[PDB]
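Okay, so here's just one chain, in structure tokens, the form deposited in one PDB entry.
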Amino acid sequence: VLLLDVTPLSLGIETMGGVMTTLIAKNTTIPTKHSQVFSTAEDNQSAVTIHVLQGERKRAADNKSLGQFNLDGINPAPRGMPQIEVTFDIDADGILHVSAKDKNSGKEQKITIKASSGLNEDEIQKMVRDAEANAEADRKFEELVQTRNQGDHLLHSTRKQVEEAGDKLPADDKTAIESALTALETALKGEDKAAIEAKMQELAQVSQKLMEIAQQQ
């Protein structure tokens, strides 16, 4: 062939933290279909927002919005348990179908995005150039997001484990862990990567007895 139809920019969705997660890589020949399984961020979460992005930037907000839609009817569950399968499917006509299906409930919702949506030839190059210009900035953002999700997981988890421990955990451990969790929660509210690791460290330091109890149960 003298010619190939290709994605000029990555395509994906916004994931927790405001980051663009790629489903279809830059430079993919179409037709193509890719899927990934995502989950909920909160206990009892009943819905998720699927926000479709075109571009190469790490902040969702710095990419082109192709549209968004909600999937609801998610059945009560602990966070991170529902399986929310997101499929990006580009046909021979270059139309994009983005679907999200709840494997438990069986509920499906979809957006269809025509081949002319998104960024024009100039902006694809503005985008490419900017992703290059801001590589260091974008990595640091992504590291901060990863750190904040880690802190959050530790926060949420430790709270559940304190609950499950009940009387097994001594007063003095409990008080120390709870103040570490307040400090952590305060830090998850900012954009200071080091402060978050500091508070995650304080928590690791005061949780030893809790971790034994949770492991034993």
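Shifts are known only where both forms have a C-alpha. Whichever C-alpha set is largest while still superposing within 1.5 Å between the two forms counts as the rigid core. All residue numbers are counted from 1 along the displayed sequence.
Look at the mean CA B-factor for 130-138 and for 89-97 in the entry; the higher one is 130-138. Set 67-75 against 121-129 and average the Cα temperature factors; 121-129 ends up higher.
Out of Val37, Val52, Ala61, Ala171, it is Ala171 whose C-alpha atom has the highest B-factor in the PDB entry. Per the PDB record, residue ranking by Cα B-factor puts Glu178 in the middle third of the chain. Among all modelled residues in its chain, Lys189 ranks in the highest third by Cα B-factor. The entry lists a Cα temperature factor for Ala41 that places it in the middle third of the chain's modelled residues.
Among the modelled residues of its chain, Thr29 has a C-alpha B-factor that falls in the highest third according to the deposited record. When the modelled residues of the chain are ordered by C-alpha B-factor, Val48 sits in the middle third.
The same protein has a further form, the form deposited in another entry, not shown here; the description that follows concerns it.
Remark: with the core as the superposition reference, the CA shift of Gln36 between the shown form and the other one stays below 2 Å. When the rigid core is held fixed, the Cα atom of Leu66 travels less than 2 angstroms between the shown form and the other one. Core superposition between the shown form and the other one reveals the following runs of 3 or more residues with every CA shifted by 2 angstroms or more: 1-3, 146-191, 194-217.
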